[PDB]
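What follows is one structure encoded as structure tokens, with my remarks underneath.
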Amino acid sequence: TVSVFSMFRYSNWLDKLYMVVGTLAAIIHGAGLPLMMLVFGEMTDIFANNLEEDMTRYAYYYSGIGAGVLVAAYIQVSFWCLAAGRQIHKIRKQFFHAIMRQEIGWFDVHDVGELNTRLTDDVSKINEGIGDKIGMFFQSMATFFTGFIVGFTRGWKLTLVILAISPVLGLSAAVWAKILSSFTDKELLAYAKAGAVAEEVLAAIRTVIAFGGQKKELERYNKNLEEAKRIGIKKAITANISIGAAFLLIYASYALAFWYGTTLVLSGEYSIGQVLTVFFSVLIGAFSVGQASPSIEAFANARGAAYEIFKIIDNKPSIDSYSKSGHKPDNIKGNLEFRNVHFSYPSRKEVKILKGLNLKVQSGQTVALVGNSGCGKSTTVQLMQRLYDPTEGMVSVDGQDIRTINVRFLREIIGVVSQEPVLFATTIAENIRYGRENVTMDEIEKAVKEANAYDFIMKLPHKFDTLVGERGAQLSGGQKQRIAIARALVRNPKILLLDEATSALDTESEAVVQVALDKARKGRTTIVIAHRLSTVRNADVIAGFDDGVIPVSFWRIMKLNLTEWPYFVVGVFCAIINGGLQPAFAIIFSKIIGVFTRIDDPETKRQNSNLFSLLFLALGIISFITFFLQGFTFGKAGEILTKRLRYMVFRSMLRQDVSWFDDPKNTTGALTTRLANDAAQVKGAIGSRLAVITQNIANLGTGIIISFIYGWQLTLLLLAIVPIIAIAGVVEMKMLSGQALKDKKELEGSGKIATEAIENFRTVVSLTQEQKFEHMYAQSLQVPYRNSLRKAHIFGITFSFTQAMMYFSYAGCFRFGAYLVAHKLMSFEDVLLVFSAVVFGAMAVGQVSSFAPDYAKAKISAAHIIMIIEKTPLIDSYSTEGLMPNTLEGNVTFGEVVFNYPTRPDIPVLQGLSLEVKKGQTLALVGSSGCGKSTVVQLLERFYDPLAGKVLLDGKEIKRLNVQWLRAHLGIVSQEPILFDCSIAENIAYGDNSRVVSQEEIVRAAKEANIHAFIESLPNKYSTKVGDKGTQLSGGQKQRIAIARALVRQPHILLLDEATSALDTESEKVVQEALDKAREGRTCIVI
């Protein structure tokens, strides 16, 4: 994604030398096995015909090659794994440095879970990418050319004979298909559109559920998925037909070459040993290409992850603390001011929070600005600390603007006591000493004495010993606030900004906290923000602030993808014949070898000439047909399965309750990933496991049977030796997984420190304690750094020993085989046949098992998919039962209603009020006890379920009525509307999905919403799109569109959720009068 020479950005001279020596050793190692074939052939030629002198000369040659490759095998892996270990340590340490530098305005746009997951996984992905794989790649190439070179030095004809008949071509086509699959994609765009629709619906799940438009969204998703299925089928057809056409062209060219010259073109005189060289070397070189595909896949994934890693690293923030270039004034008596400053959030530019606020505080003063819990409370607190730069105007301290002061020095003289006193999982002494790192115990003691908290600490055991406040005994709000006050006192600031110190903690402990605040407030400027106006009277200046105004894996997966049984039958038959064809190639070669290696026989006989071309054409046609049929059928079956599964899982997700979405385990990102990743790349693996198993069985069993027919002793010897190399590969993968799984345990302290810093990032930047967290992460990396550098020796030794065993296996086979052919028994053609069957079927199945994605994540993904279906039908949106009365009096009564949020049931939200509504009467909950305004909209719409209490609609309990009918007779308007990416006409007709409404109803609703003129003034009357790529609209236009959408339904009860959110105080009159005009003769409840 970025480049090919940019992933190696962090590499000094030593790492460059490591990589160069590693790749040179790999090149030497790769060109060793084909060269051994050459000397083996020389030795056999000499033997077939002083004997000890020739035998011992090549024996030292044979031992000399073996010794060098044994050393080269160690150097190839040892030096590459050291270079990757040194770069990843620098990348991992540098990436976390960049994260701690980005300001607050960037974190809210991104996701903390996404950032932690990326830091945990894509760095490991890069490590796997630039690790030992690259070296392996060169080895394969170092073999490949070498083998062919040998095959083309000792007679080019024979290679051309072996290149066609032998099993080379099918495996080559399989690996070309693997690479093309790894490089094309082209599904991504289609499912990108479909998943854009999916995430648009999922993010707006509240309004979709409240409006009952599940079927319409399901149909839109179905249409997009059908388009994706069509394009995927076309792509699979094109790819498979192209590869098959290449196969057919190769074999037809062979057949034509055999014409126009009756076999004299491809025949010559060859020795008994030369054929062994030009056969085994060519076969090994052609088979080596199968080992270079995982390397290419790994490198591509490494580039993909490194793109995002380097984008985050390279970005330069507008304001950064890691820049010691700024004014550092002394004697800051404190003269903060606001020179009529307008501020708007960078994310929501249209919404304005600070509408030109002016403030002026002298030294040794205090302010008591009073805010509202809904919003407009902590914006000035954030703006003062240079978290967000002002849009218009400026903020100055002591007559000096803060834009010319280094932010690191600026943030170290400001108190930041906030609503929730977040603490870290460490000792209380460390928590108090986080600010002002050069602090002795005496200062901490003095602060806790002037914090009204040491008495409580001493009454409890463990005097500042551990008292962890994250996983241990969770302290009460009062003592946590006292701890935060102590930390602020240790910081020793000059501008104290106590914010929401009386937000949610109980009134029982108000005395101690308030006394501590009053004691600590003396001697410094104070901009206290409070909601209750009964204890901030001690401040010099009091003003009001408001809107700028002052499981287990399961089988039975085959039940899914069952209706498409003819595709499976045809694919299985084609897999059987394709797998069985490859061993038959050995028989064909053993039968026709005698015709391509003799010129003494007159060309008049020419054998037959024509039937050889017929055989080549027949083999080409059969291979083409079988490969095309297998690929097309299995691809089509997999795509149909994934489309149907996506449809069903999306329907199941839509059906279930909103509380399932409210669970923090599954957010919109998790569900999008489930619909995207774990429904298409996994179930295809289970569907094609039948194909791969059938192909492997047909490849191996047929070869074993034909070898047994053509031999007994050598066949049994090879059937005994192949399990040895299989066990060697098992040991290799076991050693790889021994550290691939121990790495997670090793990298656990670093991960927890990183996630603690990232999750609480606002407190970290406020305290300017990023350097300490960076150092802790540095140590938690340093220990696993030594562990990873020690892993290199073990990995190198294991790889070297496995390679030595694989190298010694070939020598033993030739020693025994020559022991059989010399004493008659088996002809050399039979030896070639049995080798090509047994060992080159074992290698072939070993390579094919690497493809066809693993049956490990597919099972857990299938379990997740199955568990998502029929998961929580407790409150089904389209329940069939229930009564639907015709009359609707519109009376809502509440009695002793007690409800708790399922995510946090310990904290109550409903006190058990008694609220009764008559027809044609309006009321608001702002004047109630508070904190219970944004909940009644869930209760009346049956989003949740009251644990204790009762709700009556027109004197009837709402639990018995059908949910769909209840949702179809309620109008809801929120503070802001979310508009789907479609035309305005559909966004207006969305109000009533029971039946299709024509243009007349939409026009009348727009007229009643005072929005018709604006819509008609647009270049497109009703076909204009909205959202991201559409025509952007202001707050008033969106509010009017929402009012029109609500009024299309013609409901009987209206639910307003802070509609008058003070959107610039310019278009409020028109929307207010439209709402008042639409509120006549209808029950309403304003929040």
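Ordering of the structure tokens sets the chain letters (A, B, ...), residue numbers begin anew at 1 in every chain, and ligands are numbered from 1 in the order given.
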Problem set entry | Close residues, residue 793 (chain A) itself excluded, 9 Å, only C-alpha atoms, min 4 positions apart in chain, as an MDAnalysis selection string | chainID A and resid 74 78 789 797:798
Write a file of the selected residues as a PDB file, in the first residue's frame, keeping N, CA and C atoms.
```pdb
ATOM      1  N   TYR A  74      21.434 -22.236   8.933  1.00  0.00           N
ATOM      2  CA  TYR A  74      21.448 -21.499  10.191  1.00  0.00           C
ATOM      3  C   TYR A  74      21.545 -19.998   9.951  1.00  0.00           C
ATOM      4  N   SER A  78      18.794 -17.313  11.241  1.00  0.00           N
ATOM      5  CA  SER A  78      19.276 -16.608  12.424  1.00  0.00           C
ATOM      6  C   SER A  78      19.433 -15.115  12.166  1.00  0.00           C
ATOM      7  N   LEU A 789      15.160 -11.791  21.215  1.00  0.00           N
ATOM      8  CA  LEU A 789      16.511 -11.978  20.698  1.00  0.00           C
ATOM      9  C   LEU A 789      17.084 -13.330  21.103  1.00  0.00           C
ATOM     10  N   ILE A 797      18.390 -23.180  15.310  1.00  0.00           N
ATOM     11  CA  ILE A 797      18.810 -24.563  15.525  1.00  0.00           C
ATOM     12  C   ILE A 797      17.728 -25.529  15.064  1.00  0.00           C
ATOM     13  N   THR A 798      16.469 -25.249  15.406  1.00  0.00           N
ATOM     14  CA  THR A 798      15.383 -26.134  14.996  1.00  0.00           C
ATOM     15  C   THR A 798      15.264 -26.194  13.477  1.00  0.00           C
TER      16      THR A 798
END
```
If we count only C-alpha atoms, what is near region 197-206 of chain A at a cut-off of 8 Å, once residues fewer than 5 positions away on the same chain are taken out, given as a short mmCIF file (atom, residue, chain, number, x, y, z; two decimals) with C-alpha atoms, in the first residue's frame?
```
data_model
loop_
_atom_site.label_atom_id
_atom_site.label_comp_id
_atom_site.auth_asym_id
_atom_site.auth_seq_id
_atom_site.Cartn_x
_atom_site.Cartn_y
_atom_site.Cartn_z
CA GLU A 217 -33.30 -1.96 5.11
CA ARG A 220 -31.72 -2.79 0.38
CA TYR A 221 -29.07 -5.06 1.88
CA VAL A 658 -31.83 -2.80 21.57
CA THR A 668 -21.20 -1.15 15.57
CA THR A 672 -19.69 -4.77 11.00
CA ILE A 978 -30.01 11.17 11.18
CA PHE A 980 -30.27 7.86 5.42
#
```
For this session: Name the residues of region 274-371 of chain A that come out as helix (DSSP H, G or I) in a backbone DSSP run; write them as an MDAnalysis selection string.
Result: chainID A and resid 274:291 293:314
Keeping only C-alpha atoms, write those residues as a compact mmCIF listing (two decimals), in the first residue's frame.
```
# COMPACT_ATOMS: atom_id res chain seq x y z
CA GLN A 274 21.57 -38.09 -16.71
CA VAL A 275 17.80 -38.69 -16.70
CA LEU A 276 17.89 -38.91 -12.89
CA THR A 277 19.53 -35.48 -12.70
CA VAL A 278 17.29 -33.74 -15.23
CA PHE A 279 14.27 -35.37 -13.59
CA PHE A 280 14.84 -34.85 -9.86
CA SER A 281 16.39 -31.38 -10.19
CA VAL A 282 13.58 -30.18 -12.45
CA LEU A 283 10.93 -31.71 -10.20
CA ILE A 284 12.40 -30.14 -7.04
CA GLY A 285 12.77 -26.76 -8.72
CA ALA A 286 9.19 -26.77 -10.00
CA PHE A 287 7.82 -27.90 -6.63
CA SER A 288 9.77 -25.21 -4.76
CA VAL A 289 7.48 -22.50 -6.18
CA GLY A 290 4.75 -23.73 -3.83
CA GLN A 291 6.76 -22.49 -0.83
CA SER A 293 3.25 -18.10 -1.97
CA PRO A 294 2.88 -17.73 1.83
CA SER A 295 5.84 -15.35 1.72
CA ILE A 296 4.10 -13.13 -0.86
CA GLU A 297 0.87 -13.18 1.15
CA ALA A 298 2.74 -12.26 4.34
CA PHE A 299 4.58 -9.41 2.62
CA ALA A 300 1.32 -8.03 1.23
CA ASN A 301 -0.30 -8.12 4.68
CA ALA A 302 2.79 -6.46 6.15
CA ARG A 303 2.50 -3.63 3.63
CA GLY A 304 -1.20 -3.27 4.42
CA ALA A 305 -0.62 -2.94 8.16
CA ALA A 306 2.46 -0.74 7.76
CA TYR A 307 0.41 1.75 5.74
CA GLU A 308 -1.73 2.60 8.78
CA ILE A 309 1.18 2.29 11.21
CA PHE A 310 3.26 4.81 9.26
CA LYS A 311 0.29 7.11 8.61
CA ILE A 312 -0.29 7.41 12.35
CA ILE A 313 3.43 7.76 13.10
CA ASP A 314 4.13 10.39 10.44
```
Exercise. Within 8 Å of residue 451 (chain A), counting only C-alpha atoms, which residues qualify if same-chain residues fewer than 2 places away don't, as a list in words?
Worked result: residues 447, 448, 449, 453, 454, 482, 483, 485, 486, 516 and 520 of chain A
Problem set entry | Selected residue, from A:12, A:359, A:354, A:860, that lies nearest to residue 391 (chain A) when counting only C-alpha atoms | A:354
Problem set entry | Shell around residue 809 (chain A) at 8 Å using only C-alpha atoms, local window under 4 positions removed, as a ChimeraX atom specification | /A:721,805,813
For this session: Find the distance between CA of residue 569 (chain A) and CA of residue 690 (chain A) and write it in Å to one decimal.
Result: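 A separation of 10.6 Å between them.
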For this session: Choose the residue, out of A:353, A:395, A:341, A:654, that has the smallest atom-to-atom separation from residue 1065 (chain A); count only C-alpha atoms.
Result: A:353
